[PDB]
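To start, the structure under review is shown below, and the notes come after it.
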Amino acid sequence: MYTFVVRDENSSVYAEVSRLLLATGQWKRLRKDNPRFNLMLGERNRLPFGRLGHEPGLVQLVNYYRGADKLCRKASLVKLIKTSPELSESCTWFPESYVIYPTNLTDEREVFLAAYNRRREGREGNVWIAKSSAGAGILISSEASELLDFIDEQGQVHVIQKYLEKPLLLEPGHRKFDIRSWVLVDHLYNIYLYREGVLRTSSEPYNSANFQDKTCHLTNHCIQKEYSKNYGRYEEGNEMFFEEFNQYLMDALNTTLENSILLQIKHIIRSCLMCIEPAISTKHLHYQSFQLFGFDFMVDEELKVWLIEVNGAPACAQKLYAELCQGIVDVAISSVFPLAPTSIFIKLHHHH
Amino acid sequence: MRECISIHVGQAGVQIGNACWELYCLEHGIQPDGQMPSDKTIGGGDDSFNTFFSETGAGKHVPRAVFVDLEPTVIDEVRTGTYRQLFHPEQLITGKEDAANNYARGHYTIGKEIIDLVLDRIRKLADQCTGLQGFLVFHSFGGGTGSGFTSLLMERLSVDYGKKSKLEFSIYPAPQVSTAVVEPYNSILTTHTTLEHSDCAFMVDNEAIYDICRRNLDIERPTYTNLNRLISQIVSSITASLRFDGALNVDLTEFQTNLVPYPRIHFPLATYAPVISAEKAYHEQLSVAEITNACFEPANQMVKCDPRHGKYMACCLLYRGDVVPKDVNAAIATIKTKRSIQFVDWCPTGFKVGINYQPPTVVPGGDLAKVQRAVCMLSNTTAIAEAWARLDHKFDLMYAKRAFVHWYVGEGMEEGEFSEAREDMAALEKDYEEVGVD
Amino acid sequence: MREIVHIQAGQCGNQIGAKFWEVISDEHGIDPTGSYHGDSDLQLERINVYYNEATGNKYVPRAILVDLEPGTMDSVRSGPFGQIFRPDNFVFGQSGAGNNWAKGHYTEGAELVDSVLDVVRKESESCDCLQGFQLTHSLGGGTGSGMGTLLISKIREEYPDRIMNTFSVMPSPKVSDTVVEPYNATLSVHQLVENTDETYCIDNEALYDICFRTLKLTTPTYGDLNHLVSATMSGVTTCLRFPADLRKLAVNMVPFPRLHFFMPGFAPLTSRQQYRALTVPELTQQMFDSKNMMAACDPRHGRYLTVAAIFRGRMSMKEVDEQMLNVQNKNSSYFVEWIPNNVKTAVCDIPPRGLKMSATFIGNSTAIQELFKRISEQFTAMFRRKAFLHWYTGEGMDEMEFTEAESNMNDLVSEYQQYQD
Amino acid sequence: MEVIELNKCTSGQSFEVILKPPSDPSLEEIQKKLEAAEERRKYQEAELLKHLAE
Ligand SMILES: Nc1nc2c(ncn2[C@@H]2O[C@H](COP(=O)(O)OP(=O)(O)OP(=O)(O)O)[C@@H](O)[C@H]2O)c(=O)[nH]1
Ligand SMILES: Nc1ncnc2c1ncn2[C@@H]1O[C@H](COP(=O)(O)OP(=O)(O)CP(=O)(O)O)[C@@H](O)[C@H]1O
Ligand SMILES: Nc1nc2c(ncn2[C@@H]2O[C@H](COP(=O)(O)OP(=O)(O)O)[C@@H](O)[C@H]2O)c(=O)[nH]1
Ligand SMILES: [Ca+2]
Ligand SMILES: [Ca+2]
Ligand SMILES: [Ca+2]
Ligand SMILES: [Mg+2]
Ligand SMILES: [Mg+2]
Ligand SMILES: [Mg+2]
């Protein structure tokens, strides 16, 4: 009989994993402060890693990798890419980004302006986007003065990265979108990619001559369902799954989702996770870690995939909770604590 | 030459002291009767090993050590054991009943009655020193004597020997080998009152020594003898520079200088490699790079924690055996390019290295195999603050209900000394965070 | 040299105490005449803890036999190991206590208490370093209950800083001599709440059910009940008699000064299929099973503040840790989570006479409040009607003293109740 | 990657490698603490004996 504790009541994913664990009749939930546990569905912020793996005779497993915040933070991800030889500063799949501290606080203010002046002089498209982790607060603009003045009015670190002025637009609609991939990394650091993804689409026609109205530029599920007037028109909940999106790429572009996009996604997922493996691996540690990741991608009119951000505590598509949460238990939890297919994941083999 | 007086307090300090001095004798060629054939200056000399041994006219080499315990069964082993001849009786001090795992009982009730006697025996050792460096104090966190009487001894040592350095070898409490529920109380009480009096302290987590013994030595259920022999190798590595000819860590003052930039943060992390089972058919001898890289593996640290998520303030590499500087730097370069070694911006990113050509000695019939080269890394990581967190949390669970507190109040301790001590540890945890986190 | 002075008072106290000295005297190789005849030095290692060494290598128990009537102690003097006790250590009267706590505590017992303390003082003075005292007695009678608690009170006055430990047989209507037992037990519990560091609660109802349902004894006797108490007393004291400290034990078992009433357990308990070997999992499953416990309290009705186990015999110490850490990690809902690592395990290589390996269980559980609740209920059922009070008021006691004992025990239950939540 | 302060002798050598440059209570007061706790023990035992005498 295995024991687990829940320390994040707001986790829709592990609320299901926890519900499934109890359904097996071989997992017993304990009070969130009971140390004699096998599995910890820990909190997002300030998870007490230093207290794991010190109970005699208990193999302990936690659903977060200590150190993965380096990847799941706007500014952190930028510094990781620019300072990591595995990713280098010439990383071809990550938009040119800069870390900018508000003037009321290293900082890349000047380095951003140099690249800006270069584009402005060369007649090139010079539209950037400013954002931060403390957002629901985003600003898209082509003037550098507006971008920097918007970050000073705030008080937290921000990031300015190039705005993809040529995004691939679905038809009919002429509308932006993004791709959400779910990636599970187990205690052995095997990288499993959920076969099911979701395209969070914009129900508004993309308009390059008006970044003021951010409902056709931002494909967030909350913004489309709150400030967009065509929500749920083309697909239910502004969500298109891989089957529909794949068939579209064949009828329209004469290509497949695997060849034109998924190869680059799998490559980007591997590159990011292999990079930090030495820093976060629990291979020789006194406890084990796994974690579900939400990778967000952009696709341009050349079918080139770009990495937007990586979410360390992602949610799932309503239609995909059952299958994916079951997959977590199968490969992540029961692989360490077995019970008394055709997998839903795609193993991204790599060198450890 | 400057002398070092070792003090062993409580069962843990006495039995670890017994294991170290056994090893020192094997290392310096001293026999159980105290005789040292290689010592050509009979009844005197200022050699490096004389920092730990005085000499009688009869050529006996007497440890500059004091063993203190409130109950006599552990020291009586020393009095009748293999090395009973090394120490004369005045060096072995035992009461008739212990502190019952009660800090207040060892610090106040019993400690008050025996403190002046201990200081008198220590003064006798100090009177044989032409230039005393300081003291090395061995004790447990959890025992009532180890915690309670040790902290009182440190306070008095700071009075009687103000200009002398004091180093600790402290045994951190682990449930796998402890039967006492109150050790979190004792550990925090004694760390609070000892902090300002200790210049550098080497914590050994019994949980670490235990797994190293089960994993590397294949000891299914280790004993204190197994733990103590392994612990005395690390201690021998740390005190070798004081007992042998060298230039790194040649006196106690150099430990604080090289390992403690901030006085309160004086808890270096010890890592030792390799530990090889003697029962093995025969092991492939590891290289300088391999044993150096092992120094950044959590599995051979004296305290289980993740240095990859701390910051280094200092770092010493103490090699023993067939090692030359060429191999060391080759391994270090290779480790920087692979490992996660983040230093504080106000400290250089460097490694002080010491090499002693004599390979590690091992007690015959012991558990550790004879290896051609070994290294002990002393690094001051903020990652060791995990050990304070764990311990402080257990304290909080019991103190929230005042569990077992009446035992301390009953010996004359005020309840406020609990919160005063816990607040100090909370500050200690804040210091580690201000130093190692952005 | 950490000596323990043993005291047994009253019928129950001396009959249970007698068998205890019969059991451990067999374990230490001491024959009925005090001459050692074992074959292991471990038998003599800690022998002075309970035995004095006399001329001719004779070992004399450090026991003081007390009673207000001569009957029971005449049995001991004529029983198996009767000759091994010091003649001067028999202190007794002739009036008896009539199962009356007031007689043992204020009138009859009060006249006899000083001569007992002279014997205690004689034994303590000759101790190199006295650990503390241990008393065996019942709470439902007069001498062991009434005078026993009077002794504990006077011993704590003269030795305030010594550990006071008792084995106390709690009454039960099922195995009950007189109806006034609830009265005597309630009056004694208050004394024990104040003046003992550790009290092992032994419930005659539990000892009965074990002898009936588990041991398959059709008609249990007091002798059969005492065989279980002897086997338990030998188990809990194994840490003291072989290769630790009374005060150290108390420190790790007693988190609150008044909650020092333990539930002991023993394993195996086999019926005469008695030669079969008992694996470590079986020792552990039984040791924690309620049917193996002698407090007649269902531990699943409360929570363990602290638990101690002692395993005896040559067994797999690695497999011991695996099984103990299995009962904890498979029922941690019955252990308070605010005392980390409150389950301790000890091993001893010498098993009891006739067992390859055994396990003794010592638990500080809040389920023990069920025991004091039963006693409190029986007490109130009679006291509300003042039934049988004249036996006690006739000895100088006042109804006020009963009202206070009632409240004291109900406060004790309230205290147990708050830590169970 | 610089080596400095290389010291050599018969029984070993020591050096320093740099990979990157940077960016009490008096004796009286102790007696008081000890004697205060002893006074609190004496007071607590006086209350016990006073209780037992009652
Ligand atoms: N590594 C190691 N730890 C020990 C040894 N002896 C005791 N300990 C640890 O020390 C803690 C208990 O402290 P002790 O040293 O036994 O107690 P004490 O210092 O004698 O003080 P008292 O309470 O008076 O007995 C437990 O955590 C033990 O695991 C030993 O020989 N080696
Ligand atoms: N450089 C860029 N070029 C084009 N579009 C961008 C962009 N940066 C952000 N976006 C738009 O913003 C949306 C995602 O914003 P971002 O992920 O930075 O904020 P967020 O983290 O609060 C949303 P989530 O974490 O749920 O994916 C995408 O749908 C994308 O269309
Ligand atoms: N287990 C056990 N209980 C007993 C024995 N003798 C009496 N009792 C119990 O003890 C209580 C009676 O107390 P008793 O010792 O006879 O009175 P005392 O001699 O005046 O102290 C009743 O609850 C009895 O059930 C015995 O030999 N064994
Ligand atoms: Ca000499
Ligand atoms: Ca000082
Ligand atoms: Ca009379
Ligand atoms: Mg986000
Ligand atoms: Mg001790
Ligand atoms: Mg009777």
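Only this structure's heavy atoms are used, side chains among them; waters, hydrogens and symmetry mates stay out. By convention in this document, chain letters (A, B, ...) are assigned in the order of the sequence lines, proteins followed by strands, and residues within each chain are numbered from 1.
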Got a second to check how far [X]'s [atom1] is from [Y]'s [atom2], nearest 0.5 Å?
X      : Y      : atom1 : atom2 : answer
B:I355 : D:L6   : CD1   : CG    : 9.0 Å
D:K33  : B:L152 : NZ    : CG    : 10.0 Å
B:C347 : D:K20  : SG    : NZ    : 12.5 Å
D:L19  : B:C315 : CG    : SG    : 9.5 Å
D:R40  : B:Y108 : CZ    : OH    : 7.0 Å
B:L157 : D:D24  : CG    : CG    : 11.5 Å

[X] side chain near [Y] side chain, heavy-atom distance below 4.5 Å:
X      : Y      : result
D:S11  : B:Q358 : no
D:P25  : B:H197 : yes
D:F15  : B:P325 : yes
B:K112 : D:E35  : yes
B:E113 : D:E38  : yes
B:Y357 : D:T10  : no
D:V17  : B:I332 : yes

- Query: Does CD belonging to D:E2 count more than 12 external heavy atoms closer than 6.0 Å?
  - Reply: no
Examine whether an atom of [X] lies under 4.5 Å from a heavy atom of chain D, and if so say whether it belongs to the side chain, the backbone or both; otherwise answer neither.
X      : result
B:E417 : neither
B:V353 : both
B:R320 : neither
B:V328 : side chain
B:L318 : neither
B:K352 : both
B:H107 : both
B:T109 : both

If one checks every heavy atom of D:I30 against chain B at 4.5 Å, the contacting part turns out to be side chain
Okay, D:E45 and chain B: the region with an atom under 4.5 Å from a heavy atom over there is neither
Open item on the list: For B:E411, is there any backbone N or O sitting under 3.5 Å from a side-chain donor or acceptor partner on D:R41?
Closed with: yes
Scanning both residues in full, the closest heavy-atom pair of D:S14 with B:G354 reads CB-CA, 3.9 Å
Assert top hit (heavy-atom pairs under 4.5 Å, partner chain D, pool B:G410, B:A333, B:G246) equals B:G410
Most contact-rich option vs chain D, by heavy-atom pairs under 4.5 angstrom, among B:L248, B:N329, B:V344, is B:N329
Residue from D:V3, D:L27, D:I4 scoring the most non-hydrogen pairs under 4.5 Å with chain B is D:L27
